[PDB]
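Everything below belongs to coords.txt, which stores compact mmCIF, C-alpha atoms.
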```txt
# COMPACT_ATOMS: atom_id res chain seq x y z
CA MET R 1 114.42 100.97 63.15
CA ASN R 2 116.31 101.35 66.45
CA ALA R 3 114.57 100.23 69.67
CA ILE R 4 113.21 102.98 71.96
CA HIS R 5 113.62 103.20 75.76
CA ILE R 6 111.32 105.14 78.08
CA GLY R 7 112.72 104.61 81.53
CA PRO R 8 112.18 100.92 82.27
CA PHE R 9 109.98 100.43 79.19
CA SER R 10 111.20 99.15 75.84
CA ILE R 11 109.65 99.24 72.36
CA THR R 12 111.36 96.99 69.87
CA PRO R 13 110.73 96.24 66.19
CA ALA R 14 110.45 92.68 64.96
CA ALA R 15 113.27 91.36 62.83
CA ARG R 16 111.40 91.39 59.52
CA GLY R 17 108.58 93.68 58.44
CA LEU R 18 105.46 93.03 56.41
CA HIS R 19 103.30 94.58 53.73
CA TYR R 20 99.87 95.73 54.87
CA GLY R 21 97.69 97.42 52.28
CA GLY R 22 100.78 97.52 50.08
CA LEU R 23 102.88 99.53 52.48
CA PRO R 24 105.79 98.36 54.66
CA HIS R 25 104.96 98.05 58.35
CA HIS R 26 106.66 96.45 61.33
CA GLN R 27 105.09 95.03 64.44
CA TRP R 28 106.49 96.78 67.49
CA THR R 29 106.24 95.24 70.98
CA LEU R 30 106.02 97.16 74.26
CA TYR R 31 108.10 95.61 77.05
CA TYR R 32 108.22 96.29 80.79
CA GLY R 33 111.39 94.34 81.41
CA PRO R 34 110.46 90.78 80.44
CA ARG R 35 106.67 91.28 80.56
CA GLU R 36 105.24 91.71 77.08
CA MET R 37 102.62 94.44 77.25
CA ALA R 38 101.36 95.37 73.81
CA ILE R 39 101.72 94.78 70.08
CA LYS R 40 100.98 97.37 67.38
CA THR R 41 101.52 97.25 63.61
CA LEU R 42 103.10 100.51 62.51
CA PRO R 43 104.05 102.03 59.15
CA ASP R 44 107.79 102.24 58.55
CA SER R 45 107.15 105.85 57.54
CA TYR R 46 106.60 106.56 61.25
CA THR R 47 109.36 108.49 62.98
CA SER R 48 110.85 107.19 66.23
CA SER R 49 108.75 109.55 68.29
CA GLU R 50 105.66 108.58 66.34
CA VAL R 51 106.27 104.99 67.39
CA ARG R 52 106.99 106.14 70.95
CA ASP R 53 103.81 108.21 71.21
CA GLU R 54 101.54 105.44 69.95
CA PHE R 55 102.36 103.47 73.11
CA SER R 56 102.26 106.26 75.67
CA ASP R 57 98.62 105.58 76.65
CA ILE R 58 99.24 101.94 77.60
CA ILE R 59 102.17 103.19 79.70
CA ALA R 60 99.99 105.80 81.42
CA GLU R 61 97.47 103.26 82.64
CA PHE R 62 100.32 101.05 83.87
CA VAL R 63 101.39 103.95 86.10
CA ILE R 64 97.79 104.50 87.20
CA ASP R 65 97.44 100.84 88.09
CA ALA R 66 100.69 101.06 90.07
CA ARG R 67 99.87 104.24 92.01
CA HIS R 68 96.76 102.40 93.27
CA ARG R 69 98.13 98.89 93.55
CA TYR R 70 101.08 100.05 95.65
CA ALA R 71 99.58 103.05 97.43
CA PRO R 72 100.63 103.25 101.11
CA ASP R 73 98.27 102.53 103.97
CA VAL R 74 96.45 105.58 105.30
CA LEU R 75 95.76 106.62 108.90
CA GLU R 76 92.85 108.80 110.01
CA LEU R 77 92.56 111.22 112.91
CA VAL R 78 89.12 111.43 114.52
CA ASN R 79 87.83 113.10 117.67
CA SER R 80 87.57 110.88 120.77
CA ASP R 81 84.05 109.47 120.24
CA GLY R 82 83.81 112.17 117.57
CA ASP R 83 81.98 111.83 114.30
CA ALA R 84 84.23 113.06 111.42
CA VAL R 85 87.75 112.49 110.11
CA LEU R 86 89.84 115.52 111.05
CA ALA R 87 92.94 114.61 109.00
CA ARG R 88 94.46 111.77 106.97
CA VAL R 89 98.08 110.76 106.47
CA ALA R 90 99.65 108.12 104.25
CA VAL R 91 102.24 106.08 106.12
CA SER R 92 104.89 103.74 104.77
CA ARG R 93 104.75 101.62 107.96
CA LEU R 94 102.11 101.14 110.62
CA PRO R 95 102.64 102.30 114.22
CA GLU R 96 103.55 99.33 116.43
CA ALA R 97 101.05 100.33 119.16
CA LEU R 98 97.90 99.47 117.17
CA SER R 99 95.06 97.18 118.35
CA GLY R 100 91.28 96.88 118.72
CA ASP R 105 90.06 107.68 127.53
CA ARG R 106 92.58 110.17 128.81
CA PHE R 107 93.31 111.05 125.13
CA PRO R 108 91.18 113.41 122.99
CA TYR R 109 91.78 111.83 119.55
CA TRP R 110 91.89 108.38 118.02
CA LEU R 111 94.29 107.56 115.22
CA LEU R 112 92.48 104.99 113.07
CA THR R 113 93.44 102.80 110.17
CA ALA R 114 91.57 103.69 106.99
CA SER R 115 91.15 100.04 105.98
CA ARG R 116 90.18 96.79 107.69
CA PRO R 117 91.23 95.10 109.84
CA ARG R 118 90.69 98.28 111.84
CA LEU R 119 93.53 99.11 114.23
CA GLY R 120 93.57 102.15 116.48
CA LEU R 121 95.45 103.95 119.17
CA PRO R 122 94.55 107.01 121.24
CA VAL R 123 96.81 109.99 120.74
CA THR R 124 97.30 113.57 121.78
CA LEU R 125 97.84 116.02 118.93
CA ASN R 126 101.57 116.21 119.73
CA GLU R 127 101.58 112.41 119.68
CA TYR R 128 99.76 112.31 116.34
CA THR R 129 102.29 114.87 115.11
CA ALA R 130 105.36 112.93 116.21
CA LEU R 131 103.89 109.85 114.59
CA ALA R 132 103.18 111.54 111.24
CA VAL R 133 106.67 113.03 111.10
CA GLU R 134 108.12 109.61 111.85
CA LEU R 135 105.94 107.45 109.58
CA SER R 136 104.65 109.62 106.74
CA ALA R 137 105.06 108.08 103.32
CA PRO R 138 106.82 110.15 100.64
CA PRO R 139 105.04 111.15 97.39
CA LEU R 140 106.34 108.41 95.05
CA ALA R 141 106.37 105.59 97.62
CA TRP R 142 104.41 103.45 95.17
CA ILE R 143 107.50 103.08 92.97
CA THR R 144 108.90 100.86 95.72
CA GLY R 145 106.08 98.48 94.82
CA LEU R 146 108.07 97.68 91.65
CA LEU R 147 111.57 97.36 93.05
CA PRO R 148 112.86 94.13 94.62
CA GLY R 149 113.53 94.02 98.36
CA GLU R 150 117.23 93.18 97.89
CA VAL R 151 117.50 96.66 96.33
CA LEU R 152 115.30 98.45 98.89
CA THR R 153 116.69 96.91 102.10
CA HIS R 154 118.78 98.80 104.67
CA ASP R 155 120.42 95.50 105.61
CA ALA R 156 123.94 95.90 104.19
CA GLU R 157 124.39 92.11 104.36
CA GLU R 158 121.55 91.44 101.92
CA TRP R 159 121.79 94.57 99.78
CA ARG R 160 122.35 94.30 96.04
CA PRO R 161 123.07 97.38 93.89
CA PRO R 162 120.30 98.18 91.39
CA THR R 163 120.72 97.21 87.78
CA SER R 164 120.45 99.93 85.15
CA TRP R 165 116.95 98.59 84.47
CA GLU R 166 116.01 99.11 88.11
CA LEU R 167 117.69 102.52 88.20
CA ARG R 168 115.56 103.54 85.25
CA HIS R 169 112.47 103.16 87.39
CA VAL R 170 113.60 106.29 89.22
CA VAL R 171 116.03 108.26 87.02
CA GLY R 172 115.71 109.18 83.38
CA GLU R 173 113.04 111.45 81.96
CA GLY R 174 110.94 108.45 81.02
CA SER R 175 111.34 107.03 84.53
CA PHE R 176 108.52 107.08 87.06
CA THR R 177 109.99 110.12 88.81
CA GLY R 178 110.65 112.11 85.64
CA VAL R 179 113.94 113.28 87.10
CA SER R 180 116.79 113.26 84.63
CA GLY R 181 120.24 111.78 85.07
CA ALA R 182 121.84 115.21 85.24
CA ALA R 183 119.47 116.28 88.00
CA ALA R 184 120.05 112.97 89.82
CA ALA R 185 123.84 113.46 89.69
CA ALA R 186 123.54 116.90 91.27
CA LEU R 187 121.48 115.44 94.12
CA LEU R 188 124.37 113.05 94.76
CA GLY R 189 127.07 115.67 94.28
CA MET R 190 128.62 113.97 91.24
CA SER R 191 129.14 114.92 87.62
CA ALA R 192 126.44 114.00 85.14
CA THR R 193 129.11 111.93 83.36
CA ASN R 194 129.94 109.99 86.50
CA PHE R 195 126.32 109.26 87.39
CA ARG R 196 125.63 108.06 83.87
CA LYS R 197 128.32 105.39 84.30
CA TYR R 198 125.60 103.72 86.40
CA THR R 199 122.79 103.95 83.77
CA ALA R 200 124.05 103.00 80.34
CA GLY R 201 123.71 100.34 77.70
CA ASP R 202 127.35 99.42 78.41
CA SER R 203 127.07 99.71 82.23
CA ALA R 204 127.66 95.97 82.59
CA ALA R 205 131.35 96.68 81.78
CA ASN R 206 131.42 99.64 84.22
CA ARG R 207 132.80 97.97 87.34
CA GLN R 208 131.82 100.90 89.61
CA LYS R 209 128.17 100.53 90.64
CA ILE R 210 126.23 102.96 92.82
CA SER R 211 127.15 102.76 96.49
CA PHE R 212 124.78 101.56 99.20
CA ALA R 213 124.74 105.03 100.78
CA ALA R 214 124.33 106.91 97.49
CA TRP R 215 121.39 104.75 96.42
CA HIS R 216 119.35 105.05 99.61
CA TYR R 217 120.16 108.74 99.82
CA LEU R 218 119.02 109.06 96.22
CA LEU R 219 115.68 107.32 96.84
CA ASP R 220 115.09 109.76 99.69
CA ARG R 221 115.90 112.88 97.66
CA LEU R 222 113.66 111.63 94.88
CA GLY R 223 110.78 111.07 97.31
CA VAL R 224 110.55 107.31 96.75
CA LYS R 225 111.66 105.96 100.15
CA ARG R 226 112.59 107.81 103.33
CA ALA R 227 116.09 107.16 104.61
CA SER R 228 114.49 107.40 108.11
```

Would you give me this structure, written as structure tokens?
Amino acid sequence: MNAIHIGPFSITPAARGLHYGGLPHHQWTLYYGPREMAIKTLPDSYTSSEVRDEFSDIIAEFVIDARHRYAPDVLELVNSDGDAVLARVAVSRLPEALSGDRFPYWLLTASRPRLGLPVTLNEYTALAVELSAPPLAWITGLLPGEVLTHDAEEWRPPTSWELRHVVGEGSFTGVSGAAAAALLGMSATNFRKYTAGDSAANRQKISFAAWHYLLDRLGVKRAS
């Protein structure tokens, strides 16, 4: 009857069980941090991974909701007075020269309010290199800004709960602790001092530079 952890998710059994149809069950609750997500009444004869699996659909649609809810803005390349979209690019930040003929392409916002700027192809290229969003940028939709900021005066190290958004096989990147450690050039043992049940008594937290470098290597947030 031990509680189960899938990255930042938690499935816990209630303190006392119950009989249902003469057999012992327990109600298990799915938690995303403090948010209660789902309740299911499960036979005690269920293994741990039987409990775990019964909730993996509700988790999957959470992810789906988050990939959409936090998807980056998208820019569109069209011919100057052309008629089709020639390319699209997701961008984690908008170009500062956007508003309402020497140039042969327009870079357009894919959503209203429509902002545009005229660009040569080399200009479009430089912009996309600079601004392109990385594959898992939507995970930043779930982390607090104190953790994401490059302002060393306001930066707060992530908690193990926040770290588990991005490392751990049940995390939203799927990338395990041991792989994460190698990215940072540390031992698996040393990196796991940051993500543990007892990590509150581990005085060494992840460094500002390691964390932002990590988020880049995992494809969550460009170091720029």

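For the residues R:43, R:172, R:95, R:21, ranking by smallest atom-to-atom distance to residue 9 of chain R using all atoms listed in the file places R:172 first.
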
- Non-local contacts of residue 20 of chain R (10 Å; only C-alpha atoms; under 6 positions in same chain excluded) as number ranges by chain: R: 26, 41-43

- Message: Give me the residues near residue 117 of chain R as a ChimeraX atom specification, where near means some atom within 10 Å (using only C-alpha atoms) and where sequence neighbours in that chain fewer than 4 positions away do not count.
- Response: /R:99-100,113

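Distance-wise, atom CA of residue 141 of chain R and atom CA of residue 70 of chain R end up 7.9 Å apart.
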
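The space between atom CA of residue 97 of chain R and atom CA of residue 137 of chain R spans 18.1 Å.
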
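The space separating atom CA of residue 158 of chain R from atom CA of residue 227 of chain R comes to 16.9 Å.
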
- Query: How would you write as a PyMOL selection string the residues that get within 7 Å of (86.6, 107.6, 117.8) in the file's frame, counting all atoms listed in the file?
  - Reply: chain R and resi 78-82+109-110

- Nearest to residue 151 of chain R among R:18, R:213, R:74, R:135, with distances taken over all atoms listed in the file: which residue is it? R:213

- Message: Between R:56, R:116, R:129, R:63, which residue has the minimum interatomic distance to residue 87 of chain R, considering only C-alpha atoms?
- Response: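 Checking each candidate against residue 87 of chain R, we get R:129 as the closest.
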
- Message: Ranking R:38, R:167, R:182, R:94 by minimum distance to residue 120 of chain R and counting all atoms listed in the file, which one comes first?
- Response: R:94

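If you measure from each of R:35, R:68, R:93, R:25 to residue 11 of chain R using all atoms listed in the file, the closest one turns out to be R:35.
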
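Residue neighbourhood of residue 136 of chain R, excluding near-sequence residues (fewer than 6 positions): residues 89, 90, 91, 92, 93 and 226 of chain R, at 9 Å, using all atoms listed in the file.
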
- Message: Nearest residue to residue 145 of chain R out of R:162, R:223, R:22, R:72, using all atoms listed in the file?
- Response: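 Residue with the minimum atom-to-atom distance to residue 145 of chain R: R:72.
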
Listed atoms of segment 150-156 of chain R, axis-aligned box, 6 Å per side: centre and edge lengths to one decimal in Å, as lines of an AutoDock Vina configuration file?
```
center_x = 119.6
center_y = 96.0
center_z = 101.0
size_x = 20.6
size_y = 17.6
size_z = 21.3
```

Output as a tab-separated table (two decimals), in the coordinates of the input: segment 62-93 of chain R, completed with N, CA and C atoms.
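New file rebuild.tsv:
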```
chain	number	residue	atom	x	y	z
R	62	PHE	N	99.45	101.83	82.99
R	62	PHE	CA	100.32	101.05	83.87
R	62	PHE	C	100.61	101.85	85.14
R	63	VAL	N	101.11	103.07	84.97
R	63	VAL	CA	101.39	103.95	86.10
R	63	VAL	C	100.18	104.05	87.00
R	64	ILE	N	99.01	104.34	86.41
R	64	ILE	CA	97.79	104.50	87.20
R	64	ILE	C	97.50	103.24	87.99
R	65	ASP	N	97.63	102.08	87.35
R	65	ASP	CA	97.44	100.84	88.09
R	65	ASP	C	98.44	100.72	89.23
R	66	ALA	N	99.66	101.23	89.05
R	66	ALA	CA	100.69	101.06	90.07
R	66	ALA	C	100.52	102.04	91.22
R	67	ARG	N	100.12	103.29	90.94
R	67	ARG	CA	99.87	104.24	92.01
R	67	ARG	C	98.80	103.74	92.96
R	68	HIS	N	97.84	102.96	92.46
R	68	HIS	CA	96.76	102.40	93.27
R	68	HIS	C	97.16	101.08	93.89
R	69	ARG	N	97.74	100.20	93.07
R	69	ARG	CA	98.13	98.89	93.55
R	69	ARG	C	99.13	98.97	94.69
R	70	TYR	N	100.02	99.96	94.67
R	70	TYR	CA	101.08	100.05	95.65
R	70	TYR	C	100.95	101.27	96.55
R	71	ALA	N	99.76	101.87	96.61
R	71	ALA	CA	99.58	103.05	97.43
R	71	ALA	C	99.76	102.71	98.91
R	72	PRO	N	100.41	103.57	99.69
R	72	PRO	CA	100.63	103.25	101.11
R	72	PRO	C	99.32	103.14	101.87
R	73	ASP	N	99.38	102.48	103.03
R	73	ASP	CA	98.27	102.53	103.97
R	73	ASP	C	98.06	103.95	104.48
R	74	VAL	N	96.83	104.25	104.86
R	74	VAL	CA	96.45	105.58	105.30
R	74	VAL	C	95.90	105.52	106.72
R	75	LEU	N	96.31	106.46	107.56
R	75	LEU	CA	95.76	106.62	108.90
R	75	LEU	C	94.82	107.81	108.93
R	76	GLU	N	93.88	107.78	109.88
R	76	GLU	CA	92.85	108.80	110.01
R	76	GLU	C	92.78	109.29	111.45
R	77	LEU	N	92.71	110.60	111.61
R	77	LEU	CA	92.56	111.22	112.91
R	77	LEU	C	91.10	111.60	113.09
R	78	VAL	N	90.50	111.11	114.17
R	78	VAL	CA	89.12	111.43	114.52
R	78	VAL	C	89.09	111.90	115.97
R	79	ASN	N	88.06	112.69	116.28
R	79	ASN	CA	87.83	113.10	117.67
R	79	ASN	C	87.47	111.89	118.53
R	80	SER	N	87.93	111.90	119.78
R	80	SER	CA	87.57	110.88	120.77
R	80	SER	C	86.05	110.76	120.89
R	81	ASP	N	85.50	109.64	120.43
R	81	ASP	CA	84.05	109.47	120.24
R	81	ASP	C	83.46	110.56	119.33
R	82	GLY	N	84.29	111.18	118.49
R	82	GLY	CA	83.81	112.17	117.57
R	82	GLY	C	83.07	111.51	116.43
R	83	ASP	N	82.81	112.30	115.39
R	83	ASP	CA	81.98	111.83	114.30
R	83	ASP	C	82.52	112.08	112.89
R	84	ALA	N	83.64	112.80	112.73
R	84	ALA	CA	84.23	113.06	111.42
R	84	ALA	C	85.73	112.77	111.44
R	85	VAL	N	86.30	112.59	110.25
R	85	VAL	CA	87.75	112.49	110.11
R	85	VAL	C	88.34	113.90	110.05
R	86	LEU	N	89.27	114.18	110.96
R	86	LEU	CA	89.84	115.52	111.05
R	86	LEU	C	91.06	115.69	110.16
R	87	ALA	N	91.79	114.60	109.91
R	87	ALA	CA	92.94	114.61	109.00
R	87	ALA	C	93.23	113.18	108.57
R	88	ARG	N	93.95	113.05	107.45
R	88	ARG	CA	94.46	111.77	106.97
R	88	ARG	C	95.94	111.89	106.66
R	89	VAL	N	96.65	110.77	106.78
R	89	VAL	CA	98.08	110.76	106.47
R	89	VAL	C	98.46	109.38	105.94
R	90	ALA	N	99.13	109.37	104.79
R	90	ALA	CA	99.65	108.12	104.25
R	90	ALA	C	100.94	107.78	104.97
R	91	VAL	N	101.12	106.50	105.30
R	91	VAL	CA	102.24	106.08	106.12
R	91	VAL	C	102.88	104.85	105.49
R	92	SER	N	104.21	104.87	105.38
R	92	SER	CA	104.89	103.74	104.77
R	92	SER	C	105.06	102.56	105.73
R	93	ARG	N	104.67	102.72	106.99
R	93	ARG	CA	104.75	101.62	107.96
R	93	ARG	C	103.74	101.91	109.07
```
